[PDB]
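Here is the file coords-v2.cif (mmCIF, N, CA and C atoms).
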```cif
data_structure
#
loop_
_atom_site.label_atom_id
_atom_site.label_comp_id
_atom_site.auth_asym_id
_atom_site.auth_seq_id
_atom_site.Cartn_x
_atom_site.Cartn_y
_atom_site.Cartn_z
N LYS A 1294 -9.77 36.82 -26.78
CA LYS A 1294 -9.58 36.07 -28.01
C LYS A 1294 -9.64 34.56 -27.79
N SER A 1295 -10.39 34.12 -26.78
CA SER A 1295 -10.47 32.71 -26.45
C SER A 1295 -11.92 32.25 -26.38
N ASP A 1296 -12.14 31.05 -25.83
CA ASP A 1296 -13.43 30.39 -25.81
C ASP A 1296 -14.47 31.07 -24.92
N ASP A 1297 -14.16 32.20 -24.29
CA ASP A 1297 -15.13 32.86 -23.42
C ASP A 1297 -16.21 33.48 -24.29
N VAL A 1298 -17.32 32.75 -24.46
CA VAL A 1298 -18.37 33.18 -25.37
C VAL A 1298 -18.97 34.50 -24.90
N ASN A 1299 -19.28 34.59 -23.60
CA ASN A 1299 -19.85 35.81 -23.06
C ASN A 1299 -18.88 36.98 -23.10
N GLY A 1300 -17.58 36.72 -23.21
CA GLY A 1300 -16.61 37.78 -23.24
C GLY A 1300 -16.35 38.31 -24.63
N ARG A 1301 -16.45 37.44 -25.65
CA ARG A 1301 -16.14 37.87 -27.01
C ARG A 1301 -17.09 38.95 -27.49
N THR A 1302 -18.40 38.71 -27.35
CA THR A 1302 -19.38 39.70 -27.78
C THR A 1302 -19.27 40.97 -26.95
N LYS A 1303 -19.02 40.82 -25.65
CA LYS A 1303 -18.87 41.98 -24.78
C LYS A 1303 -17.70 42.85 -25.23
N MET A 1304 -16.56 42.22 -25.53
CA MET A 1304 -15.40 42.97 -25.97
C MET A 1304 -15.64 43.61 -27.33
N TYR A 1305 -16.32 42.90 -28.23
CA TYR A 1305 -16.64 43.46 -29.53
C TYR A 1305 -17.50 44.71 -29.39
N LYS A 1306 -18.53 44.64 -28.54
CA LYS A 1306 -19.39 45.79 -28.33
C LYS A 1306 -18.62 46.93 -27.67
N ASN A 1307 -17.71 46.60 -26.75
CA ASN A 1307 -16.90 47.62 -26.11
C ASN A 1307 -16.01 48.33 -27.12
N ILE A 1308 -15.39 47.58 -28.02
CA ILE A 1308 -14.54 48.18 -29.04
C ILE A 1308 -15.37 49.04 -29.98
N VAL A 1309 -16.56 48.57 -30.35
CA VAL A 1309 -17.45 49.37 -31.19
C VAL A 1309 -17.80 50.67 -30.48
N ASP A 1310 -18.10 50.59 -29.18
CA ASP A 1310 -18.37 51.77 -28.37
C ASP A 1310 -17.11 52.44 -27.86
N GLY A 1311 -15.94 51.88 -28.17
CA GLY A 1311 -14.69 52.47 -27.69
C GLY A 1311 -14.55 52.43 -26.18
N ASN A 1312 -14.84 51.28 -25.57
CA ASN A 1312 -14.75 51.18 -24.12
C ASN A 1312 -13.34 50.80 -23.66
N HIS A 1313 -12.72 49.84 -24.34
CA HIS A 1313 -11.37 49.38 -24.00
C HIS A 1313 -11.28 48.91 -22.55
N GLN A 1314 -12.31 48.19 -22.11
CA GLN A 1314 -12.34 47.58 -20.80
C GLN A 1314 -12.48 46.07 -20.96
N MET A 1315 -11.72 45.32 -20.17
CA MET A 1315 -11.61 43.88 -20.32
C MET A 1315 -12.40 43.19 -19.22
N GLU A 1316 -13.34 42.34 -19.62
CA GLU A 1316 -14.14 41.56 -18.68
C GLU A 1316 -13.72 40.10 -18.77
N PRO A 1317 -13.15 39.52 -17.72
CA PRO A 1317 -12.53 38.20 -17.84
C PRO A 1317 -13.48 37.07 -18.18
N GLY A 1318 -14.52 36.88 -17.37
CA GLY A 1318 -15.27 35.64 -17.51
C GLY A 1318 -14.42 34.47 -17.04
N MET A 1319 -14.67 33.30 -17.63
CA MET A 1319 -13.90 32.12 -17.27
C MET A 1319 -13.99 31.12 -18.41
N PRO A 1320 -12.86 30.64 -18.93
CA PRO A 1320 -12.85 29.91 -20.21
C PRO A 1320 -13.71 28.65 -20.18
N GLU A 1321 -14.36 28.39 -21.32
CA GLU A 1321 -15.19 27.20 -21.43
C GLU A 1321 -14.36 25.93 -21.52
N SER A 1322 -13.10 26.03 -21.96
CA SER A 1322 -12.23 24.86 -21.97
C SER A 1322 -12.05 24.31 -20.56
N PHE A 1323 -11.98 25.20 -19.57
CA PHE A 1323 -11.93 24.75 -18.19
C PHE A 1323 -13.20 24.01 -17.80
N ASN A 1324 -14.36 24.49 -18.27
CA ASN A 1324 -15.61 23.78 -18.02
C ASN A 1324 -15.58 22.39 -18.64
N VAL A 1325 -15.05 22.28 -19.86
CA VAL A 1325 -14.94 20.98 -20.52
C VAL A 1325 -14.04 20.06 -19.71
N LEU A 1326 -12.92 20.59 -19.23
CA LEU A 1326 -12.01 19.81 -18.40
C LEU A 1326 -12.70 19.34 -17.12
N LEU A 1327 -13.46 20.23 -16.48
CA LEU A 1327 -14.16 19.87 -15.26
C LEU A 1327 -15.18 18.77 -15.51
N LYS A 1328 -15.95 18.89 -16.59
CA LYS A 1328 -16.92 17.86 -16.92
C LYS A 1328 -16.23 16.53 -17.20
N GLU A 1329 -15.11 16.57 -17.93
CA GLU A 1329 -14.38 15.35 -18.23
C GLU A 1329 -13.87 14.69 -16.95
N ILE A 1330 -13.35 15.49 -16.01
CA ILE A 1330 -12.92 14.93 -14.74
C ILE A 1330 -14.10 14.33 -14.00
N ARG A 1331 -15.23 15.02 -14.00
CA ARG A 1331 -16.43 14.50 -13.36
C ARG A 1331 -17.00 13.30 -14.09
N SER A 1332 -16.71 13.15 -15.39
CA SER A 1332 -17.13 11.95 -16.10
C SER A 1332 -16.49 10.71 -15.50
N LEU A 1333 -15.28 10.84 -14.96
CA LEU A 1333 -14.66 9.79 -14.19
C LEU A 1333 -15.24 9.78 -12.78
N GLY A 1334 -14.99 8.69 -12.06
CA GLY A 1334 -15.39 8.61 -10.67
C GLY A 1334 -14.50 9.48 -9.80
N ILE A 1335 -14.45 10.77 -10.10
CA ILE A 1335 -13.55 11.71 -9.44
C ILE A 1335 -14.37 12.89 -8.95
N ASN A 1336 -14.20 13.24 -7.68
CA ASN A 1336 -14.84 14.41 -7.11
C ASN A 1336 -13.95 15.63 -7.30
N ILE A 1337 -14.51 16.70 -7.86
CA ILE A 1337 -13.80 17.96 -7.99
C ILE A 1337 -14.83 19.08 -8.01
N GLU A 1338 -14.47 20.20 -7.41
CA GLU A 1338 -15.36 21.35 -7.34
C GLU A 1338 -14.54 22.58 -7.02
N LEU A 1339 -15.11 23.74 -7.33
CA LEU A 1339 -14.45 25.03 -7.14
C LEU A 1339 -15.07 25.71 -5.93
N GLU A 1340 -14.25 26.01 -4.93
CA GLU A 1340 -14.73 26.60 -3.69
C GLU A 1340 -14.74 28.12 -3.79
N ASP A 1341 -14.92 28.78 -2.65
CA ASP A 1341 -15.00 30.23 -2.61
C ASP A 1341 -13.92 30.83 -1.71
N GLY B 149 -13.65 -16.29 7.94
CA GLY B 149 -13.76 -17.63 8.47
C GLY B 149 -12.66 -17.95 9.45
N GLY B 150 -12.98 -17.86 10.74
CA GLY B 150 -12.01 -18.13 11.78
C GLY B 150 -12.12 -19.53 12.33
N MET B 151 -13.35 -20.06 12.36
CA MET B 151 -13.53 -21.46 12.73
C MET B 151 -12.81 -22.38 11.76
N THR B 152 -12.89 -22.07 10.47
CA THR B 152 -12.09 -22.77 9.48
C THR B 152 -10.62 -22.42 9.65
N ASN B 153 -9.75 -23.38 9.32
CA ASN B 153 -8.31 -23.17 9.35
C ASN B 153 -7.89 -22.47 8.06
N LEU B 154 -8.45 -21.28 7.86
CA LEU B 154 -8.21 -20.48 6.67
C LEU B 154 -7.92 -19.05 7.07
N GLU B 155 -6.98 -18.42 6.36
CA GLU B 155 -6.64 -17.04 6.63
C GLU B 155 -7.78 -16.12 6.19
N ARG B 156 -7.65 -14.84 6.56
CA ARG B 156 -8.63 -13.86 6.11
C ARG B 156 -8.47 -13.56 4.62
N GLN B 157 -7.23 -13.43 4.16
CA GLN B 157 -6.92 -13.10 2.77
C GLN B 157 -5.89 -14.11 2.26
N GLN B 158 -6.37 -15.23 1.74
CA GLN B 158 -5.49 -16.22 1.13
C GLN B 158 -6.13 -16.73 -0.15
N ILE B 159 -5.30 -16.95 -1.17
CA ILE B 159 -5.80 -17.38 -2.47
C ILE B 159 -6.20 -18.85 -2.39
N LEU B 160 -7.40 -19.15 -2.87
CA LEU B 160 -7.93 -20.52 -2.88
C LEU B 160 -8.47 -20.79 -4.28
N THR B 161 -7.77 -21.65 -5.03
CA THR B 161 -8.13 -21.91 -6.41
C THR B 161 -9.50 -22.60 -6.50
N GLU B 162 -9.99 -22.73 -7.74
CA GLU B 162 -11.35 -23.21 -7.96
C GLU B 162 -11.56 -24.59 -7.36
N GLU B 163 -10.68 -25.54 -7.69
CA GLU B 163 -10.79 -26.87 -7.09
C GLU B 163 -10.57 -26.81 -5.59
N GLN B 164 -9.58 -26.03 -5.15
CA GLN B 164 -9.35 -25.85 -3.73
C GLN B 164 -10.55 -25.21 -3.05
N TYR B 165 -11.13 -24.19 -3.67
CA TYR B 165 -12.33 -23.57 -3.12
C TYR B 165 -13.46 -24.58 -3.00
N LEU B 166 -13.64 -25.41 -4.03
CA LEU B 166 -14.72 -26.39 -4.01
C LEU B 166 -14.54 -27.39 -2.89
N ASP B 167 -13.34 -27.96 -2.76
CA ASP B 167 -13.14 -28.96 -1.72
C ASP B 167 -13.19 -28.34 -0.33
N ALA B 168 -12.72 -27.10 -0.18
CA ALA B 168 -12.82 -26.42 1.10
C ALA B 168 -14.28 -26.18 1.47
N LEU B 169 -15.11 -25.78 0.51
CA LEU B 169 -16.54 -25.64 0.77
C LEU B 169 -17.15 -26.98 1.13
N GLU B 170 -16.69 -28.05 0.49
CA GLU B 170 -17.21 -29.38 0.78
C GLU B 170 -16.92 -29.78 2.22
N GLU B 171 -15.67 -29.62 2.66
CA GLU B 171 -15.28 -30.18 3.95
C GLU B 171 -15.53 -29.23 5.12
N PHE B 172 -15.27 -27.93 4.96
CA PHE B 172 -15.61 -26.98 6.01
C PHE B 172 -17.09 -26.62 6.00
N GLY B 173 -17.86 -27.07 5.01
CA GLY B 173 -19.24 -26.64 4.90
C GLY B 173 -19.33 -25.22 4.37
N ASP B 174 -20.46 -24.58 4.67
CA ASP B 174 -20.69 -23.20 4.24
C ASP B 174 -20.35 -22.24 5.38
N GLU B 175 -19.08 -22.24 5.76
CA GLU B 175 -18.58 -21.38 6.83
C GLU B 175 -17.60 -20.33 6.33
N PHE B 176 -16.53 -20.75 5.66
CA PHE B 176 -15.52 -19.81 5.17
C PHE B 176 -16.05 -19.17 3.89
N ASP B 177 -16.71 -18.03 4.05
CA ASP B 177 -17.25 -17.31 2.91
C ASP B 177 -16.12 -16.81 2.01
N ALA B 178 -16.35 -16.86 0.70
CA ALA B 178 -15.37 -16.39 -0.26
C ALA B 178 -16.09 -16.00 -1.55
N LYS B 179 -15.52 -15.02 -2.24
CA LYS B 179 -16.06 -14.52 -3.50
C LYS B 179 -14.92 -14.43 -4.52
N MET B 180 -15.29 -14.18 -5.77
CA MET B 180 -14.32 -14.06 -6.85
C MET B 180 -14.41 -12.75 -7.61
N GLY B 181 -15.27 -11.81 -7.18
CA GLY B 181 -15.46 -10.57 -7.88
C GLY B 181 -15.07 -9.35 -7.06
N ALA B 182 -15.36 -8.18 -7.63
CA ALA B 182 -15.08 -6.93 -6.94
C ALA B 182 -15.86 -6.79 -5.65
N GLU B 183 -16.96 -7.53 -5.51
CA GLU B 183 -17.67 -7.57 -4.24
C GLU B 183 -16.77 -8.06 -3.11
N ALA B 184 -15.90 -9.02 -3.40
CA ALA B 184 -14.98 -9.53 -2.38
C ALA B 184 -14.05 -8.44 -1.89
N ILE B 185 -13.44 -7.70 -2.82
CA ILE B 185 -12.52 -6.63 -2.45
C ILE B 185 -13.27 -5.54 -1.70
N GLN B 186 -14.48 -5.21 -2.16
CA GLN B 186 -15.29 -4.21 -1.48
C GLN B 186 -15.55 -4.61 -0.03
N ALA B 187 -15.97 -5.86 0.17
CA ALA B 187 -16.27 -6.33 1.52
C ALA B 187 -15.02 -6.33 2.39
N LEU B 188 -13.89 -6.79 1.85
CA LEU B 188 -12.66 -6.82 2.62
C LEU B 188 -12.20 -5.42 3.01
N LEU B 189 -12.30 -4.46 2.08
CA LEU B 189 -11.84 -3.11 2.36
C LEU B 189 -12.77 -2.37 3.32
N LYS B 190 -14.09 -2.56 3.18
CA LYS B 190 -15.02 -1.86 4.05
C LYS B 190 -15.09 -2.46 5.45
N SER B 191 -14.61 -3.69 5.63
CA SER B 191 -14.64 -4.37 6.92
C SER B 191 -13.23 -4.32 7.52
N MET B 192 -12.91 -3.21 8.16
CA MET B 192 -11.63 -3.02 8.84
C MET B 192 -11.67 -1.73 9.64
N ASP B 193 -10.73 -1.61 10.57
CA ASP B 193 -10.54 -0.39 11.35
C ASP B 193 -9.22 0.25 10.96
N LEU B 194 -9.28 1.47 10.43
CA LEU B 194 -8.06 2.18 10.05
C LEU B 194 -7.21 2.50 11.27
N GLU B 195 -7.85 2.91 12.37
CA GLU B 195 -7.12 3.28 13.57
C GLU B 195 -6.34 2.10 14.14
N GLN B 196 -6.95 0.92 14.17
CA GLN B 196 -6.27 -0.24 14.74
C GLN B 196 -5.06 -0.63 13.91
N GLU B 197 -5.20 -0.65 12.59
CA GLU B 197 -4.07 -0.96 11.73
C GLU B 197 -2.98 0.09 11.85
N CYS B 198 -3.36 1.36 11.95
CA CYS B 198 -2.36 2.42 12.12
C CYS B 198 -1.59 2.25 13.42
N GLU B 199 -2.30 1.94 14.51
CA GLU B 199 -1.62 1.72 15.79
C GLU B 199 -0.70 0.52 15.73
N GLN B 200 -1.15 -0.57 15.10
CA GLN B 200 -0.31 -1.76 14.98
C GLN B 200 0.92 -1.48 14.14
N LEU B 201 0.76 -0.74 13.03
CA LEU B 201 1.90 -0.39 12.20
C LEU B 201 2.89 0.49 12.96
N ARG B 202 2.38 1.45 13.73
CA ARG B 202 3.26 2.30 14.53
C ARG B 202 4.02 1.48 15.56
N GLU B 203 3.34 0.55 16.23
CA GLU B 203 4.01 -0.30 17.21
C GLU B 203 5.06 -1.17 16.54
N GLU B 204 4.75 -1.73 15.37
CA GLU B 204 5.71 -2.58 14.67
C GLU B 204 6.94 -1.78 14.24
N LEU B 205 6.73 -0.59 13.69
CA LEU B 205 7.85 0.24 13.27
C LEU B 205 8.70 0.67 14.46
N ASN B 206 8.06 1.00 15.58
CA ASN B 206 8.80 1.41 16.77
C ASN B 206 9.59 0.25 17.36
N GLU B 207 9.01 -0.95 17.37
CA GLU B 207 9.66 -2.09 18.00
C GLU B 207 10.70 -2.71 17.08
N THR B 208 10.28 -3.18 15.91
CA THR B 208 11.18 -3.85 14.98
C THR B 208 11.85 -2.81 14.09
N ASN B 209 13.17 -2.72 14.18
CA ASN B 209 13.95 -1.78 13.39
C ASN B 209 14.91 -2.56 12.50
N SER B 210 14.86 -2.28 11.20
CA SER B 210 15.73 -2.92 10.24
C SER B 210 15.75 -2.07 8.98
N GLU B 211 16.65 -2.43 8.06
CA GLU B 211 16.70 -1.73 6.78
C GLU B 211 15.40 -1.91 6.01
N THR B 212 14.84 -3.12 6.03
CA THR B 212 13.55 -3.38 5.40
C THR B 212 12.38 -3.09 6.32
N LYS B 213 12.56 -3.23 7.64
CA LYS B 213 11.48 -2.91 8.57
C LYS B 213 11.20 -1.41 8.61
N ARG B 214 12.23 -0.58 8.49
CA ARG B 214 12.02 0.86 8.47
C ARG B 214 11.19 1.27 7.25
N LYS B 215 11.49 0.69 6.09
CA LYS B 215 10.74 0.99 4.88
C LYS B 215 9.55 0.05 4.77
N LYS B 216 8.72 0.28 3.75
CA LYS B 216 7.57 -0.56 3.43
C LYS B 216 6.52 -0.55 4.54
N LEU B 217 6.78 0.20 5.60
CA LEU B 217 5.85 0.37 6.71
C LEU B 217 5.49 1.83 6.95
N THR B 218 6.47 2.73 6.90
CA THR B 218 6.19 4.14 7.09
C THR B 218 5.30 4.69 5.99
N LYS B 219 5.51 4.24 4.75
CA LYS B 219 4.64 4.66 3.66
C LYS B 219 3.21 4.18 3.89
N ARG B 220 3.05 2.95 4.38
CA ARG B 220 1.72 2.45 4.71
C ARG B 220 1.10 3.26 5.83
N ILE B 221 1.89 3.63 6.84
CA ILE B 221 1.39 4.46 7.93
C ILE B 221 0.91 5.81 7.39
N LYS B 222 1.70 6.42 6.51
CA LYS B 222 1.32 7.70 5.92
C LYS B 222 0.05 7.56 5.10
N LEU B 223 -0.08 6.47 4.35
CA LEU B 223 -1.29 6.24 3.56
C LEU B 223 -2.51 6.13 4.46
N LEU B 224 -2.39 5.35 5.54
CA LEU B 224 -3.50 5.21 6.48
C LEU B 224 -3.86 6.55 7.10
N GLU B 225 -2.86 7.33 7.50
CA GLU B 225 -3.12 8.63 8.10
C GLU B 225 -3.80 9.56 7.12
N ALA B 226 -3.35 9.57 5.87
CA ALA B 226 -3.98 10.41 4.86
C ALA B 226 -5.43 10.01 4.63
N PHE B 227 -5.69 8.70 4.56
CA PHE B 227 -7.06 8.24 4.37
C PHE B 227 -7.94 8.63 5.55
N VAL B 228 -7.41 8.50 6.77
CA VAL B 228 -8.18 8.87 7.96
C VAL B 228 -8.49 10.36 7.95
N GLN B 229 -7.47 11.18 7.71
CA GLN B 229 -7.64 12.63 7.80
C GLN B 229 -8.46 13.17 6.64
N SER B 230 -8.24 12.65 5.43
CA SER B 230 -9.03 13.09 4.29
C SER B 230 -10.50 12.73 4.43
N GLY B 231 -10.82 11.73 5.25
CA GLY B 231 -12.19 11.30 5.42
C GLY B 231 -12.75 10.53 4.25
N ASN B 232 -11.95 10.26 3.23
CA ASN B 232 -12.43 9.53 2.06
C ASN B 232 -12.64 8.07 2.41
N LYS B 233 -13.81 7.55 2.08
CA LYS B 233 -14.11 6.15 2.38
C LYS B 233 -13.33 5.24 1.44
N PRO B 234 -12.59 4.27 1.96
CA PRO B 234 -11.85 3.36 1.07
C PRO B 234 -12.75 2.57 0.13
N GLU B 235 -13.96 2.23 0.58
CA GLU B 235 -14.90 1.53 -0.28
C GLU B 235 -15.31 2.35 -1.49
N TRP B 236 -15.18 3.68 -1.42
CA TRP B 236 -15.47 4.53 -2.56
C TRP B 236 -14.54 4.24 -3.74
N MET B 237 -13.36 3.68 -3.48
CA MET B 237 -12.48 3.28 -4.57
C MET B 237 -13.15 2.25 -5.47
N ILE B 238 -13.91 1.33 -4.87
CA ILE B 238 -14.69 0.36 -5.64
C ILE B 238 -15.90 1.11 -6.18
N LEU B 239 -15.82 1.55 -7.43
CA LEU B 239 -16.88 2.36 -8.00
C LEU B 239 -18.13 1.53 -8.26
N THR B 240 -19.28 2.16 -8.10
CA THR B 240 -20.56 1.51 -8.31
C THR B 240 -21.34 2.10 -9.48
N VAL B 241 -21.58 3.41 -9.47
CA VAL B 241 -22.31 4.08 -10.54
C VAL B 241 -21.32 4.78 -11.45
N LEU B 242 -21.70 4.95 -12.71
CA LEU B 242 -20.79 5.47 -13.73
C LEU B 242 -21.33 6.75 -14.35
N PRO B 243 -20.74 7.90 -14.04
CA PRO B 243 -21.11 9.13 -14.75
C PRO B 243 -20.58 9.15 -16.17
N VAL B 244 -21.28 9.87 -17.04
CA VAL B 244 -20.91 9.97 -18.45
C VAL B 244 -20.80 11.43 -18.84
N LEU B 245 -20.10 11.67 -19.94
CA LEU B 245 -19.89 13.01 -20.44
C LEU B 245 -21.18 13.59 -21.02
N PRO B 246 -21.29 14.92 -21.07
CA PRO B 246 -22.41 15.52 -21.78
C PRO B 246 -22.31 15.23 -23.27
#
```
Kindly present the structure from the file in structure tokens form.
Amino acid sequence: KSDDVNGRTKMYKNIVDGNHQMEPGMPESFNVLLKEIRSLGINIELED
Amino acid sequence: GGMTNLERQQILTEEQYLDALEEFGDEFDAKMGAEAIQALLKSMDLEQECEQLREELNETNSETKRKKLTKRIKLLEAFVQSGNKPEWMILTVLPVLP
């Protein structure tokens, strides 16, 4: 029920098909935050 | 400027700067912008200052000598270990938002 665009349609199709399985993805608000931090002279990145 | 009787980092007002340039000639280089801070910060040895601070803290012990020095030592150590260039603090290029 959040900004995960790829997750919303997936969950809707799952409910239509009665899957009831949750696929996380990763919220776009975090992407916005990362871009905003990078807009400053600040280095930030997500490792593995 | 070491030949000049001027410190490495001392404030020299506009008239003072002018007369100093007049009498010392073009020896004691000085600037008034962020270029000055960039040059001063990039021209130094972190290890030498850290060693000198450690020696000073070990030798001179006082209520004020104990403080205002250990924090500087920790800052120098963090900068050395993090590998971050101090000159990077003086930003040059500007990223913008999407």
Give me, as a Markdown table, the closest atom pair and its distance (Å, one decimal) for every residue of chain B within a cut-off of 6 Å of chain A, counting all atoms listed in the file, rows sorted by chain and rising number.
```
| residue | atom | partner | partner_atom | distance |
| --- | --- | --- | --- | --- |
| B:243 | C | A:1332 | C | 4.4 |
| B:244 | C | A:1332 | CA | 4.6 |
| B:245 | N | A:1332 | CA | 4.9 |
```
>> I'd like the neighbourhood of range 183-195 of chain B as a list in words, where a residue qualifies if any of its atoms comes within 8 Å (using only N, CA and C atoms), though same-chain residues fewer than 3 positions away should be ignored.
In response: residues 178, 179, 180, 198, 199, 200, 201, 224, 225, 227, 228, 233, 234, 235, 236, 237 and 238 of chain B
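One finds CA of residue 1324 in chain A at 19.5 Å from CA of residue 242 in chain B.
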> Hey, what's within 8 Å of residue 1300 in chain A if we count all atoms listed in the file and toss same-chain stuff fewer than 3 positions away? As a PyMOL selection string, please?
Replying inline: chain A and resi 1294-1297+1303-1306+1315-1319
> Any idea what the distance is between CA of residue 223 in chain B and CA of residue 159 in chain B?
Replying inline: 24.8 Å
Can I get range 1326-1337 of chain A with N, CA, C and O atoms filled in, as a PDB file, in the frame of the given file?
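Contents of rebuild-v1.pdb, as written:
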```pdb
ATOM      1  N   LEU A1326     -12.920  20.590 -19.230  1.00  0.00           N
ATOM      2  CA  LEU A1326     -12.010  19.810 -18.400  1.00  0.00           C
ATOM      3  C   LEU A1326     -12.700  19.340 -17.120  1.00  0.00           C
ATOM      4  O   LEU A1326     -12.551  18.185 -16.711  1.00  0.00           O
ATOM      5  N   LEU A1327     -13.460  20.230 -16.480  1.00  0.00           N
ATOM      6  CA  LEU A1327     -14.160  19.870 -15.260  1.00  0.00           C
ATOM      7  C   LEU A1327     -15.180  18.770 -15.510  1.00  0.00           C
ATOM      8  O   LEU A1327     -15.274  17.814 -14.734  1.00  0.00           O
ATOM      9  N   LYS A1328     -15.950  18.890 -16.590  1.00  0.00           N
ATOM     10  CA  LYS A1328     -16.920  17.860 -16.920  1.00  0.00           C
ATOM     11  C   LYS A1328     -16.230  16.530 -17.200  1.00  0.00           C
ATOM     12  O   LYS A1328     -16.697  15.476 -16.766  1.00  0.00           O
ATOM     13  N   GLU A1329     -15.110  16.570 -17.930  1.00  0.00           N
ATOM     14  CA  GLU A1329     -14.380  15.350 -18.230  1.00  0.00           C
ATOM     15  C   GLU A1329     -13.870  14.690 -16.950  1.00  0.00           C
ATOM     16  O   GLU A1329     -13.956  13.470 -16.796  1.00  0.00           O
ATOM     17  N   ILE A1330     -13.350  15.490 -16.010  1.00  0.00           N
ATOM     18  CA  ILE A1330     -12.920  14.930 -14.740  1.00  0.00           C
ATOM     19  C   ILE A1330     -14.100  14.330 -14.000  1.00  0.00           C
ATOM     20  O   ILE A1330     -14.003  13.228 -13.435  1.00  0.00           O
ATOM     21  N   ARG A1331     -15.230  15.020 -14.000  1.00  0.00           N
ATOM     22  CA  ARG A1331     -16.430  14.500 -13.360  1.00  0.00           C
ATOM     23  C   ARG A1331     -17.000  13.300 -14.090  1.00  0.00           C
ATOM     24  O   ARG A1331     -17.726  12.506 -13.481  1.00  0.00           O
ATOM     25  N   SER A1332     -16.710  13.150 -15.390  1.00  0.00           N
ATOM     26  CA  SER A1332     -17.130  11.950 -16.100  1.00  0.00           C
ATOM     27  C   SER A1332     -16.490  10.710 -15.500  1.00  0.00           C
ATOM     28  O   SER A1332     -17.080   9.625 -15.532  1.00  0.00           O
ATOM     29  N   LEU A1333     -15.280  10.840 -14.960  1.00  0.00           N
ATOM     30  CA  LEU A1333     -14.660   9.790 -14.190  1.00  0.00           C
ATOM     31  C   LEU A1333     -15.240   9.780 -12.780  1.00  0.00           C
ATOM     32  O   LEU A1333     -15.881  10.735 -12.341  1.00  0.00           O
ATOM     33  N   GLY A1334     -14.990   8.690 -12.060  1.00  0.00           N
ATOM     34  CA  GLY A1334     -15.390   8.610 -10.670  1.00  0.00           C
ATOM     35  C   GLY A1334     -14.500   9.480  -9.800  1.00  0.00           C
ATOM     36  O   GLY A1334     -13.869   8.985  -8.858  1.00  0.00           O
ATOM     37  N   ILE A1335     -14.450  10.770 -10.100  1.00  0.00           N
ATOM     38  CA  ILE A1335     -13.550  11.710  -9.440  1.00  0.00           C
ATOM     39  C   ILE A1335     -14.370  12.890  -8.950  1.00  0.00           C
ATOM     40  O   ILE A1335     -15.137  13.486  -9.716  1.00  0.00           O
ATOM     41  N   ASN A1336     -14.200  13.240  -7.680  1.00  0.00           N
ATOM     42  CA  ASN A1336     -14.840  14.410  -7.110  1.00  0.00           C
ATOM     43  C   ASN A1336     -13.950  15.630  -7.300  1.00  0.00           C
ATOM     44  O   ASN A1336     -12.765  15.600  -6.945  1.00  0.00           O
ATOM     45  N   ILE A1337     -14.510  16.700  -7.860  1.00  0.00           N
ATOM     46  CA  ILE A1337     -13.800  17.960  -7.990  1.00  0.00           C
ATOM     47  C   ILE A1337     -14.830  19.080  -8.010  1.00  0.00           C
ATOM     48  O   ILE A1337     -15.928  18.916  -8.552  1.00  0.00           O
TER      49      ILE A1337
END
```
